[PDB]
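Notes for the one structure printed next.
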Amino acid sequence: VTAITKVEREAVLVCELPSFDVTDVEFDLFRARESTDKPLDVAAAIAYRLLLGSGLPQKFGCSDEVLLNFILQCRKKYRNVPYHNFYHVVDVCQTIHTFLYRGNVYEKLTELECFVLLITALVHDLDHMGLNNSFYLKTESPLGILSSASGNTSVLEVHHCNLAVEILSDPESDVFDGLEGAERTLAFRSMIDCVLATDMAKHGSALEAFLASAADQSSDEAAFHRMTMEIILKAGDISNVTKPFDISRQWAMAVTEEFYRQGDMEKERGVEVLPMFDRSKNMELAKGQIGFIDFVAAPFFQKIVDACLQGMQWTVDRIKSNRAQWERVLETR
Ligand SMILES: COc1ccc(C2=NN(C3CCCCCC3)C(=O)[C@@H]3CC=CC[C@H]23)cc1OCCCCOc1ccc(-c2nnn[nH]2)cc1
Ligand SMILES: [Mg+2]
Ligand SMILES: [Zn+2]
């Protein structure tokens, strides 16, 4: 991979983010992106500020310049798609920062694990093309064939890990270059385990494992830590419904458009198009959000908060408030 330039770094470093608190649970990334005509630079500056503010990179021998180079190498591998773009991963990083520090989940993890989770957020969807794992398998695309042949159906998640490893193989963008031995190994393994756990086909089993470990006072400590990391990255990845309504709605619009684009390509290839991906089904945004709330997000957040993560109660409260607001949209239609 080609080295990040001085000029690229400077375009991020000029962004001052006046009037934003990147640590706040009501921080608004959409407003941040509308605040200037260089939203990719503002997004990178948000990630840079979150990581320096944690005080963690400093502790692990990662210089300011190596951090910024890493952020920019991640940025170059995100595509111009409606949802799974650079803004999604910065949002996940910011959201995880709030879970760790506003929700006090940092108390369950080492400082290194906190640092790994914040970094992992930025790599977890590298080179996403706006198509899900199912698309690659149904169309027998080359990447799908490779996944089936090699025995792992998490087509995208393995791909994301490959590209993360590539970025980290150059010292100038290796945020773990200050580590060695077991610490270095833990950093890479925990990052990869977390990325692999973001495949939604593994949602129920990842949640059940975490819950069983949290309930067991004799759970293996290293295993509990690892599952806690996995669960936090998953939480960030389905956190759009835990945000103030207008932010939540803007994420819902972006993800719907990305799904519809997949369905349009699936039609053209003559493969199965699920209702959720079909433009001509006209499905209402409100009903889709209520369904995602009721069947995925509300139970996930309630269960993890009740099991262990009491400081994250606000997520459950905001989901409830958003559900009531979508119900008002239906009531008044
Ligand atoms: C802003 O709103 C979203 C944000 C993210 C998503 C995602 N979605 N998903 C999948 C989508 C297909 C199967 C359902 C599981 C979630 C991803 O993999 C994406 C990649 C990784 C993390 C979550 C992302 C979806 C978002 O809205 C989707 C709204 C449409 C309705 O959704 C429902 C979802 C399940 C039910 C259901 N009923 N019974 N059991 N389950 C009913 C309705
Ligand atoms: Mg993903
Ligand atoms: Zn994601």
Quiz item: With the radius of gyration and the Kirkwood radius both derived from the Cα set of the chain, what is their ratio Rg to Rh?
Solution: 0.95
Quiz item: Over all distinct alpha-carbon pairs, what is the Kirkwood Rh of the range 195-240 in angstrom?
Solution: 10.8
Quiz item: At a Förster radius of 45 Å, what calculated FRET efficiency corresponds to the Cβ-Cβ distance of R333 and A215, to the nearest 0.05?
Solution: 0.60
Practice problem: Express the Stokes-Einstein translational diffusion coefficient of the range 99-251 in µm² s⁻¹, to the nearest whole number, given a Kirkwood radius over alpha-carbon pairs, 10 °C and a viscosity of 1.306 mPa s. | Solution: 94
Quiz item: Taking the Cα-to-Cβ direction at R79 and at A182 and moving 7 Å from each Cα, how far apart do the two end points lie in nm?
Solution: 4.1
Practice problem: Add +1 for every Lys or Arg and -1 for every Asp or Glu among the other residues with Cβ under 12 Å from the Cβ of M229, and state the total. | Solution: +1
Self-check item: Furthest towards positive pole of dipole, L131, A215, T110, structure part the chain, Cβ charges
Solution: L131
Practice problem: Counting residues in the range 1-143 as N, plug N into 2.2 N^0.38 Å and put the Cα Rg over that result. | Solution: 1.10
Quiz item: Any idea how far apart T23 and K320 come out in nm if each label point goes 7 Å out from Cα toward Cβ?
Solution: 2.8
Quiz item: With +1 on each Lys and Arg Cβ and -1 on each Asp and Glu Cβ, how big is the dipole of the chain about its Cα centre, in debye rounded to the nearest 20?
Solution: 800
Self-check item: Segment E166-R33, extension gain: residue separation times 0.36 nm, minus the distance between their alpha carbons
Solution: 45.0 nm
Quiz item: Which helices, taking whole DSSP H runs in the chain, have alpha carbons extending 20 angstrom or more along the helix axis plus mean Kyte-Doolittle at least 1.0?
Solution: 39-54, 155-168
Exercise. Rank these for me by crowding, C114, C308, going from fewest to most other beta carbons within 10 Å.
Key: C308, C114
Practice problem: Among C308, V273, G151, flag the residue with its Cα farthest along the positive direction of the charge dipole of the chain, charges on Cβ as +1 for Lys/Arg and -1 for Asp/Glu. | Solution: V273
Exercise. For the range 45-63 and the range 232-285, write down the distance between their C-alpha centroids in whole Å.
Key: 32
Exercise. Once you have all Cα-Cα distances for the range 171-259, histogram them in 5 Å bins from zero and send the whole-percent values.
Key: 3, 12, 17, 16, 17, 14, 12, 7, 3, 0
Quiz item: Which is farthest toward the positive dipole end of the chain among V66, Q94, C161, measuring Cα position about the Cα centre, with Cβ charges +1 (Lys, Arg) and -1 (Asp, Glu)?
Solution: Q94
Quiz item: Between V271 and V1, what FRET efficiency follows from the Cβ-Cβ distance if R0 is 30 Å, with the result rounded to 0.05?
Solution: 0.35
Practice problem: Would you list which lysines come within 29 Å of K77, measuring only between C-alpha atoms, while excluding same-chain residues fewer than 8 positions from it? | Solution: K6, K38, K59, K138, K202, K234, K243, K267
Quiz item: Counting each DSSP H run of 4 or more residues in the chain as -39500 (n - 2.57), what helix-only mean residue ellipticity at 222 nm follows after dividing by all residues, to the nearest 500 deg cm²/dmol?
Solution: -20000 deg cm²/dmol
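Don't worry about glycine lacking a Cβ; one is built from the backbone with ideal geometry, like all the others, and counts go over all protein chains shown. FYI, it's all coordinate maths here, none of it is from the lab.
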